[PDB]
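Peer 1: fold the following for me, if possible:
(one chain, ligands or ions: 7)
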Amino acid sequence: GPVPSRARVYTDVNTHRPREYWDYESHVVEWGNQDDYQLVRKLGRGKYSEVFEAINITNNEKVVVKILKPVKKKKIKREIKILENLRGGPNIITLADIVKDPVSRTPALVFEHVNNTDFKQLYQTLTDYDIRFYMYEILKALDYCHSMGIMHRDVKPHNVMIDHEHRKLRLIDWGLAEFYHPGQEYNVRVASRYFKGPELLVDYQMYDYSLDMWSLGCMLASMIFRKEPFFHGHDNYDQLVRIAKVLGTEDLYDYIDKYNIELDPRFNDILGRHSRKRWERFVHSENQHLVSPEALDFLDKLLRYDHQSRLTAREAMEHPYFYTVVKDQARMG
Ligand SMILES: C=CCOc1cccc2c1-c1c(c3c(n1C(C)C)CCCC3=O)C2=O
Ligand SMILES: [Cl-]
Ligand SMILES: [Cl-]
Ligand SMILES: [Cl-]
Ligand SMILES: [Cl-]
Ligand SMILES: [Cl-]
Ligand code: NA
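Peer 2: Numbering: from 1, shown residues only. Ligands and ions are numbered 1, 2, ... in the order given. Structure data below:
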């Protein structure tokens with residue numbers, strides 16, 4: 001079988017916490033009163049939800065209400081426990097309440113902050129400075145949730161919200177998130193195709209927080225090269241083929257061997273041999289101003305086949321790519 005793996009950071013954070021922290025199946029949800037919230041208008045639809053602006057008539061504050069499509073009870077409890085555990089963390093959506101429709105019993109999550117713009121509507125026209133600024137903010141969220149023992153597992157541009165007027169960023173959509181426990185095997189169907197890490201594509205189940213760092217690298221490459229998505233696979237196998245045509249097959253086969261992963265031999269016949277490409281292959285007159293030596297060094301260190309070799313969120317925060325932007329002077333407009 002495959003060789004085991006352990007996270008090299010935050011490995012035991014859930015172990016050191018009480019069982020109640022992470023045993024979401026045992027958690028009893030304290031539901032609120034749906035009558036406190038009146039929906040004002042529709043913001044959008046989701047893979048498993050409908051999203052509204054609403055008013056909290058008990059304090060006259062505007063809120064966001066996410067009404068969930070039917071899910072197994074275990075998964076709603078997981079999402080709620082994770083949001084409660086992360087509440088107050090940097091750049092993470094803030095769960096204000098949870099209610100059920102009185103008639104349909106459909107669960108709805110209430111979040112604090114309005115004034116949202118989906119990051120995917122903005123991230124292809126950012127300055128170099130703004131890419132670095134918002135990348136650092138996403139890193140703060142990932143370092144925090146990883147430090148709280150949680151993998152997000154669906155990092156992508158659509159799951160980042162921006163308060164543009166206030167330069168605030170929030171990581172949203174915690175419905176696929178899970179608690180990291182050393183030795184646990186995890187579902188390989190998570191994340192969206194273009195942001196799936198190699199571990200998901202080869203069905204290696206003993207992965208960890210570093211999955212999120214691969215997805216983040218895919219976002220970075222998309223922004224600095226203005227290519228959406230950066231790895232444009234047409235099916236799960238083609239996703240890996242597209243990655244291998246950039247990173248090369250040599251390090252992919254090294255990864256497969258290291259963890260004793262078994263690939264279907266006939267897919268391996270299709271993967272074949274591909275050399276690692278220069279990043280300047282993706283540099284064009286329209287994106288050259290976004291691409292620096294430190295950007296490419298940082299990207300190289302996120303987009304590693306071996307999940308154990310990828311930068312941690314804290315290591316990423318220390319990278320020279322962010323040397324100047326941490327000095328930001330908090331101008332709003
Ligand atoms: C104008 C956009 C505001 O949109 C917000 C605002 C706050 C919080 C959330 C969203 C949101 C969420 C989710 C989705 N949107 C959107 C894209 C419709 C799509 C499906 C998955 C999902 O969770 C929020 O949690
Ligand atoms: Cl996306
Ligand atoms: Cl397991
Ligand atoms: Cl899982
Ligand atoms: Cl591609
Ligand atoms: Cl991390
Ligand atoms: Na609010």
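
Peer 1: can we go C-alpha only for contacts and neighbour counts from here?
Peer 2: Will do.

Peer 1: correct me, but residue 145 touches residue 139?
Peer 2: No - assessed by C-alpha atoms under 8 Å, residue 145 is found out of contact with residue 139, at 9.8 Å.

Peer 1: residues contacting residue 81?
Peer 2: 21, 22, 24, 27 (C-alpha atoms under 8 Å, 6 or more residues apart in numbering).

Peer 1: which of these count as buried?
Peer 2: Burial by neighbour count, judged by 16 or more other C-alpha atoms under 10 Å, picks out 21, 22, 24 from the contacts of residue 81.

Peer 1: restricted to helices, list those.
Peer 2: Among the buried ones among the contacts of residue 81, the ones falling in helices (DSSP state H) are 21, 22.

Peer 1: three-state assignment of the nearest residue to residue 89 once chain neighbours are set aside?
Peer 2: Nearest non-adjacent residue to residue 89, counting by C-alpha to C-alpha, 6 or more residues apart in numbering: residue 144, 6.6 Å away. Classification of residue 144 using DSSP: H, G, I helix; E, B strand; the rest coil returns helix.

Peer 1: count the neighbours of residue 144 for me.
Peer 2: Burial of residue 144 is recorded as 19 neighbouring residues (other C-alpha atoms under 10 Å).

Peer 1: same check on the one 4 residues further on?
Peer 2: Applying other C-alpha under 10 Å, we find 21 other residues in the vicinity of residue 148.

Peer 1: next up, the contacts around it.
Peer 2: Applying C-alpha under 8 Å, 6+ apart, the residues contacting residue 148 are 13, 14, 85, 86.

Peer 1: closest to ligand 5 among those?
Peer 2: Distance ranking of the contacts of residue 148 against ligand 5, using C-alpha to the ion, places residue 86 first at 34.4 Å.

Peer 1: was I right about that closest one contacting residue 147?
Peer 2: No - with contact defined as C-alpha under 8 Å, residue 86 does not count as touching residue 147 (10.1 Å).

Peer 1: turn the contacts of residue 148 into TSV, columns for secondary structure and distance to ligand 2.
Peer 2: Compiled in TSV, the contacts of residue 148 are given as follows (DSSP: H, G, I helix; E, B strand; the rest coil; distance: C-alpha to the ion, whole Å):
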residue	secondary structure	distance to ligand 2
13	helix	30
14	helix	29
85	helix	25
86	helix	23
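
Peer 1: residues from the chain in reach of ligand 3?
Peer 2: Within the chain, the positions near ligand 3 by C-alpha under 5 Å from the ion are 184, 185.

Peer 1: strands of the chain, start to end?
Peer 2: Applying DSSP state E to the chain gives strands spanning 37-45, 49-56, 61-68, 95-100, 107-111, 117-118, 150-151, 160-163, 168-171, 178-179.
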